[PDB]
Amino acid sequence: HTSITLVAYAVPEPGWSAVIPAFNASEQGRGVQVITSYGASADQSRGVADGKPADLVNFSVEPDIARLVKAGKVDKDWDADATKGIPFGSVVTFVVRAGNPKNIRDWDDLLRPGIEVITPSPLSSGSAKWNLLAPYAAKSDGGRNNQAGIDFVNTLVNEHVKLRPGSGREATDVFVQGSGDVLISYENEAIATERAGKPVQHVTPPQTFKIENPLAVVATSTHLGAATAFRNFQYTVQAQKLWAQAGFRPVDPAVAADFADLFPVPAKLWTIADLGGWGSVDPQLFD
């Protein structure tokens, strides 16, 4: 039948590869084959902004959707929904080696002597932006003492980050091969890596950041019938259960309640709204 292409960021594949078969077994999804493309979130956003074929976008951070809106590739209606265009999300977590040999439990543990932190580059990855928003929000109490938030990230980046992988997936790879003592990553990526039999576990710091992964239909697509059907299917009860089962925190309040016992609330869940939204974080960015 028809073919649609999803240009997604680096780590959402475990959920997408579970939802697409369910989509293809539905009335509107039978026959519409979904091609997928995963990579560094910002790199993927730029690709579609300058010609890369796409019928749907699913990026790590909302700015990577706004770039496409600024370029006429994503209609502005994409977040006027009560959903705000966010079908799922995650939290920032510490990926750690099996047994937590170095006993990493909190953000102060990343500043201990000799601890190397694995985290991607904010130029190409949205994972890198979540990974730095959480310690900033934690050490600054959500923008109140803005200086010790910066001063923490300062000491974390300069003295404990040397590798600069392009994406969260690339950060997971080099960490699995043996580089670094703690990898800051999505909770879904830690769950997916653990399940692949890799000898790692994860501890979420008491204060962490709420990851919200946006999804939007590409306006310049010749398949907005199927593309809209594939986007709306994500908010169904079944798809929300599937994302949850894949390790991604669903936005359906009933499914999120059903899976609340596997997606534990931290001591403090910082959100982009706590910092004044992306409108006040995106032009202030660390670098």
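Numbering starts at 1 and follows the sequence shown.
For the pair 276-284 and 2-10, the record assigns the higher mean C-alpha temperature factor to 276-284. Look at the mean CA B-factor for 67-75 and for 88-96 in the entry; the higher one is 67-75. Within the listed group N103, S167, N131, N146, the record reports its top CA B-factor for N146.
Out of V255, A246, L262, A219, it is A219 whose C-alpha atom has the highest B-factor in the PDB entry. When the modelled residues of the chain are ordered by their C-alpha B factor, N58 lands in the lowest third. Among the modelled residues of its chain, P206 has a C-alpha B-factor that falls in the lowest third according to the deposited record.
When all modelled residues of the chain are sorted by CA temperature factor, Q240 is found within the lowest third. When the CA B factors of the chain's modelled residues are split into thirds, the value for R112 lands in the lowest one. In the deposited entry, the Cα temperature factor of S37 places it in the lowest third of its chain's modelled residues.
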